[PDB]
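>>> pasting the structure only:
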């Protein structure tokens, strides 16, 4: 049936029979200066939808940078020196029964991406545009400081078909339309500066191209909604 | 002895033998859309000190406007439509044993002040400068939209000697140096728009003029530190 | 033992019937201005205004008694022989329709309370409950109705208690008749909060707290004098 | 405080967490972590600086925070004195203090053996 989920002043709609992929089998928790929690940040931040077309390569978001300007939790990234949060990423897909296509929705921890120019580093804008998705290309990328965003190598110098090693979900339009991934906090330190470290990125790569019957809508909206979980920060006490 | 009080990341120093005047015998509480509390606002907001001189009339602050730009609780006044808070006003006074003078520290609920021009209303700037104190005058005030801030009438058309009917404290420098007044939320409605309604004002009127021995410091600093208590707001839920 | 403080109480102090307004309305006129009206206010009579403004918030019922007396005027009309005169005192609750003419549609008073009184009987009486979306009337308001407008300082719509309207139901005679209403006001079930100093400076405007600064008391010749 | 016993006054002993930046006014110091050190009430003020870092240990060499003191009120005395007062500062470690990797101090230096 229909499941209604409310966090804070945000409500989303989910199917009862929705499969949830929980990271590496780990549910986000706190680290049980005393760290300060912020439950007000536990909201649904629905990003702008991306139009999935017949010739559309994948997208990616880097979420510390993606939610950097999303009201609360963005003010908290700007405010607190140290921060920690797990995320519930819910990727919806609005399509009819006459639409085709398969999607790989994968969250990649520490997706250090290469540059189009070998003797160069990608700049901040190319790696993450924030709430705006960065798109892959079907061919090699050219640029002095641009990310090598060819789809086959997923920007990481690996095989895109091997991306399933990370917490992923398959959206087959004839079978599924949604993907819920619950990513815990993954890092080599208990807590890190959020403004300069993307702990993971979300890649939505269409492995089977979108197709549709004549007269059906050409594009299929893909909606990403992110709910930070167990977010806690530095804490300012004693003088 | 010495009592140390810590609220949030602020610490002040108080004497053990410090008399506290609790409003009208009422300790601030909550009203037990569901109202939302904010304990982060329960901090000590130390205003800029005012120099008490030999020829200095009184000052006043209107506290919804005074704490309007004091970081938190100021952001909350700007953010929430409805708000409620009690206040702990602590007025300190730094003087030696060679200094003279007596002060009336009184918090006046609903101190609707008159204008210098009878057929006129005082403007927002004259009534409250915010964190900056507004000073009385020893003579009549002149101005099209200025508050009639003569000391004798306390700006309210009453006798300044009768101001003790309100929750007050006497600071006799030979006896006291501090005044703690705990003012609850006083209004005719359970909760009101804080940006357009000063629930009470603090008047610090020197009834006996400051005096000092030769070589002693001419001015005596008067410090006002305000701690909002049981602050709660509108609440944004359901859609 | 202790002496009784009964008549010093706020109920006995404030629940005293006083005249707060009187107006005269004609039986014939050129326009329809043959009616008397009074926006119910507590800030027009200095004694009552001072007594109420000794507190910050009050909550009371309005008991109103109307003392209506009619007088025949001048001359030039003979055989007057007027029948008995009937008066209508219409109360308009806050937000209700307000007449502009003696024969307005508002006088048909679908929901405005109205009392019809024939002369010669006991004076008409009506009681207005505590009417405010707020929890108490506020004699003082340190705030703005709209923060943008400077002239809205001290005004809040929570103290509006309605308007009283008076007129002649019948003219009686073709000659001039003028009637005075003489409203008598009496708070009932008074609860008051946050006492305030008595008003020292004389009042200037009903809708203002503005004042010419006045001395705290009367002067004497010397600090040691006795007379 | 090393001033006179009759001297009175207040100070803002404000602490800035690392990365925040030193406050520039009295108001910014007050809006953060601070204490009102009243000279008349007590002549000493002990301020315990907390441990705020992303790792268990940090390097001794070159954020850490800031201590700033502000004139809340002027120093008030029986109005006859000439010279100014002084404040002495002390530093100490708390019971949770530790050091990991021993090395050579950068302070003593020798060209060769002293004999």
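Ah, there it is. Numbering: from 1, shown residues only, chains lettered A, B, ... in the order given.
>>> just the strands from the chain, written as ranges.
The chain I'm using is chain A. For chain A, applying DSSP state E gives strands covering A:2-7, A:10-15, A:20-22, A:36-37, A:45-46, A:50-52, A:59-62, A:83-93, A:102-109, A:134-135, A:168-172, A:178-183, A:200-208, A:220-233.
>>> that's the wrong chain, I meant chain D
Under the criterion DSSP E, chain D contains strands at D:10-16, D:33-38, D:66-71.
>>> which helices and strands does the last one pack with?
Here strand D:66-71 is seen to pack against strand D:10-16, helix D:26-31 when contacts are counted using 3 or more Cβ pairs under 8 Å, 6 or more residues apart in numbering or on different chains; DSSP states H and E. All C-beta atoms are positioned from the backbone trio N, CA, C, and that covers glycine.
>>> quick one: is the shortest one near chain A?
Spelled out, that is helix D:26-31. No. Judged by Cβ under 8 Å from any Cβ of the partner chain, helix D:26-31 stays clear of chain A, getting no closer than 9.8 Å.
>>> right, and the helix or strand after the longest helix seen in chain C?
As assigned by DSSP state H, the longest helix anywhere in chain C is helix C:46-53. Counting by DSSP states H and E, the element after helix C:46-53 in chain order, helix or strand, is strand C:55-66.
>>> which ones are touching the closest residue in space to residue C:138 that isn't next to it in sequence?
Once flanking residues are discounted, residue C:138 sits nearest to residue B:188: 4.5 Å by Cβ to Cβ, 6 or more residues apart in numbering or on different chains. Residue B:188 makes contact with C:57, C:134, C:135, C:136, C:137, C:138, C:158, according to Cβ atoms under 8 Å, 6 or more residues apart in numbering or on different chains.
>>> name the residue closest to the centre of chain A, please.
residue A:202 (3.2 Å; Cα atoms, centre = their mean).
>>> any idea what that residue is bridged to?
In this entry, residue A:202 is beta-bridged to residue A:61, residue A:107, by DSSP bridges.
>>> surely it is in contact with residue A:89?
Yes. The pair residue A:202 / residue A:89 is scored as a contact, 5.8 Å apart, by Cβ atoms under 8 Å.
>>> sorry, back to before: distance of the residue nearest to residue C:138 from residue B:167?
Separation of residue B:188 from residue B:167 (Cβ to Cβ, to the nearest Å): 18 Å.
>>> same deal with residue C:213?
On the measure of Cβ to Cβ, residue C:213 and residue B:167 end up 25 Å apart.
>>> over to residue A:151?
Between residue A:151 and residue B:167 the distance is 72 Å, computed by Cβ to Cβ.
>>> who's more crowded, the two?
residue B:167 (24 against 18; other Cβ atoms under 10 Å in any protein chain shown).
>>> helices along chain C, start to end?
C:10-14, C:46-53.
>>> identify whichever of the ones you listed lies nearest to chain B.
helix C:46-53 (9.4 Å; Cβ to the nearest Cβ).
>>> tell me the buried residues in that closest one?
By neighbour count with 16 or more other Cβ atoms under 10 Å in any protein chain shown, helix C:46-53 contains the buried residues C:48, C:49, C:51, C:52, C:53.
>>> wait, doesn't the fourth one sit right on residue C:14?
Yes. Applying Cβ under 8 Å as the test, residue C:52 and residue C:14 come out as touching, 7.0 Å apart.
>>> dihedrals phi and psi, the closest residue to chain B within chain D?
For chain D and chain B, the shortest gap (Cβ to the nearest Cβ) falls at residue D:79, measuring 2.2 Å. Torsion angles at residue D:79 (phi, psi; degrees, to the nearest 10) stand at phi -70, psi 70.
>>> for it, which non-adjacent residue is closest in space?
The shortest distance from residue D:79 to any non-neighbouring residue, by Cβ to Cβ, 6+ apart, is to residue B:216 (2.2 Å).
>>> again with residue C:118
Distances taken as Cβ to Cβ, 6+ apart place residue C:86 nearest to residue C:118, at 5.0 Å, with adjacent residues excluded.
>>> ok, residue D:38 next?
The nearest residue in space to residue D:38 (Cβ to Cβ, 6+ apart) is residue B:13, at 4.6 Å.
>>> and for residue C:52 and residue C:14, which residues touch both?
Counting by Cβ under 8 Å, 6+ apart, the contacts common to residue C:52 and residue C:14 are residue C:58.
>>> wait, does the lengthiest helix in chain A make contact with chain B?
Of all segments of type helix in chain A, defined using DSSP H, the longest is helix A:74-79. No. Taking Cβ under 8 Å from any Cβ as the criterion, helix A:74-79 and chain B are apart, separated by no less than 9.7 Å.
>>> try stretch C:34-54
No. Using Cβ under 8 Å from any Cβ, stretch C:34-54 stays clear of chain B, coming no nearer than 9.3 Å.
>>> centre of the chain to that stretch, how far?
Its chain's C-alpha centre and that of stretch C:34-54 lie 4 Å apart, by Cα atoms, centre = their mean, to the nearest Å.
>>> just stretch A:188-198 next, same as before
So, by Cα atoms, centre = their mean, the centroid of stretch A:188-198 is 17 Å from its chain's centroid.
>>> go on, stretch D:88-99?
Worked out by Cα atoms, centre = their mean, stretch D:88-99 lies 12 Å from the chain centre.
>>> give me the residues contacting that stretch.
So stretch D:88-99 is contacted by D:2, D:48, D:51, D:57 (Cβ under 8 Å, 6+ apart).
>>> do stretch D:48-57 as well
Residues outside stretch D:48-57 that contact it (Cβ under 8 Å, 6+ apart) are A:33, A:81-82, A:189-193, A:234-235, A:237-239, D:15, D:17-18, D:65, D:67, D:94, D:96, D:98, D:100.
>>> among these, which ones are buried?
Applying 16+ other Cβ under 10 Å to the contacts of stretch D:48-57 flags A:33, A:81-82, A:191-193, A:234-235, A:237-239, D:15, D:17-18, D:65 as buried.
>>> list the contacts for the residue nearest to the centre of chain A?
A:60, A:61, A:63, A:89, A:91, A:105, A:106, A:107, A:108, A:181, A:224.
>>> go with 7 Å
Counting by Cβ atoms under 7 Å, 6 or more residues apart in numbering or on different chains, residue A:202 touches A:60, A:61, A:63, A:89, A:107, A:224.
>>> just to check, residue C:172 is in contact with residue C:82?
Yes. Between residue C:172 and residue C:82 a contact is recorded at 3.5 Å, counting by Cβ atoms under 7 Å.
>>> among these two, which residue is more densely surrounded?
Comparing residue C:172 with residue C:82 by other Cβ under 10 Å, the one with more neighbours is residue C:172, at 19 against 15.
>>> give the burial count for whatever residue of chain A ends up closest to chain C, as a bare number.
At 25.1 Å from chain C, residue A:71 is the closest residue in chain A, using Cβ to the nearest Cβ. Residue A:71 has 12 neighbouring residues, counting by other Cβ under 10 Å.
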